[PDB]
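K.L.:
Before anything else, here's the structure in question.
Chains as they are written, first to last, in the deposited numbering: chain 1, 143 to 284; chain 1', 143 to 284. A prime marks a further copy of an entry chain.
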């Protein structure tokens, strides 16, 4: 999202915020669309290079990995056994994360017409704790 | 060195002796020059034999090994899990081996002109011990 100014983002993207991804299903987490279903190695007319073939496989491997898991530098790095500071790739630092399921209770209708009818009331008490944190430089915590 | 007589070997080869190999570097221990950089398998025009290919790889393997490590019978044998007497391949038997680094000291010049000048003097005491050895047959110990 290379939006320059909020006056550039879709009305509802900046009203309620941009759309997050659905929870992993089979159809809701397809393989990367640019995912190769085949790979050609230009061969000779009546011979193939047994050693070239080998190599062909080594390259496709490196490609496949980038496609499926290391689409991120910080990611192609980690698989090298190294690490990259959130300062190497200018990524906001995730300080804390809370997740929970919100619930509530049903309200029973009791008049002549809506007796046997209910309305679910979702009241969920939650709490989130961001442990003390040392701010290296000036910035915002979102 | 298939020299017949010393009158056949180069002047300096038989004056001071034949040249030994440099100490392993990157450029001083290249891969065998006859080392294959590719290997063709003659394929059909619009099909390859998936099983033939497999085989192709088995042969190249045996070739590659001979090229890199078993250029010697006694060597292609050892990788079979066997052994060959120095009598199987008529090789001189290495009885003892000593290796060391020779050093010395510098001599300080002290006249008007060579005061601040030095000459390195390499005096190295060494010793070599050939443990007792049972001579099976008549021969020379070099």
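From the three backbone atoms N, C-alpha and C, an ideal C-beta is built for every residue, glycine too.
1) Does the beta carbon of residue 178 (chain 1') fall short of 7 Å from some heavy atom of the ligand HEM?
2) Per DSSP, which one or two residues make a beta bridge with residue 260 (chain 1')?
3) Rounded C-beta distance between residue 195 (chain 1') and residue 212 (chain 1')? I'm assuming under 8 Å.
4) Just verifying my parser: in three-state terms, what is the DSSP assignment at residue 204 (chain 1)?
5) Does residue 181 (chain 1') pass the burial test, meaning 16 or more other C-beta atoms within 10 Å, or should it be called exposed?
6) I'd like to know whether the C-beta atoms of residue 280 (chain 1') and residue 240 (chain 1') end up nearer to each other than 8 Å.
7) Where do the N-terminal and C-terminal ends of the alpha helix (DSSP H) with residue 218 (chain 1') fall, by residue?
8) Can you name the start and end residues of the beta strand (DSSP E) that residue 182 (chain 1') belongs to?
9) Return the Cβ separation of residue 265 (chain 1') and residue 246 (chain 1') in integer angstroms, given the expectation that the two are a contact with Cβ distance under 8 Å.
10) Could you tell me which of 275 (chain 1'), 248 (chain 1'), 203 (chain 1') and 223 (chain 1') sits nearest to residue 237 (chain 1'), measuring between CA atoms?
11) With which residues is residue 191 (chain 1) paired in a DSSP beta bridge?
12) By a C-beta neighbour count over all protein chains shown, 10 Å radius and 16 as the cutoff for buried, is residue 171 (chain 1') buried or exposed?
13) Measure the C-alpha to C-alpha separation of residue 228 (chain 1') and residue 218 (chain 1') and round it to an integer number of angstroms.
14) Below 7 Å on C-beta distance, what does residue 188 (chain 1) contact in chain 1'?
15) Given this structure, state the Cα-to-Cα distance separating residue 158 (chain 1') from residue 152 (chain 1'), to the nearest angstrom.
16) Under 9 Å between beta-carbons, which chain 1 residues line up against residue 210 (chain 1')? List them in chain order, please.
17) Thinking C-beta only, is residue 189 (chain 1) closer than 8 Å to residue 185 (chain 1')?
18) Expressed to the nearest angstrom, what Euclidean distance is found between the alpha-carbon atoms of residue 295 (chain 1') and residue 257 (chain 1')?
19) Please confirm whether residue 261 (chain 1') and residue 249 (chain 1') have their CB atoms less than 8 Å apart.
P.N.:
To lay it out plainly:
1) Ligands are entirely absent from the displayed structure, and the ligand HEM is therefore not among its contents.
2) 250 (chain 1')
3) Actually they are not in contact, since the Cβ atoms of residue 195 (chain 1') and residue 212 (chain 1') sit about 24 Å apart, beyond 8 Å.
4) helix
5) buried
6) no
7) 215-220
8) 182-184
9) 5 Å
10) 275 (chain 1')
11) 182 (chain 1')
12) exposed
13) 14 Å
14) 184, 185 and 187
15) 10 Å
16) Correct list: empty, because the minimum Cβ distance to chain 1 is about 14 Å.
17) yes
18) Because chain 1' is modelled from 143 through 284, residue 295 (chain 1') falls outside the range shown and cannot be assessed.
19) yes
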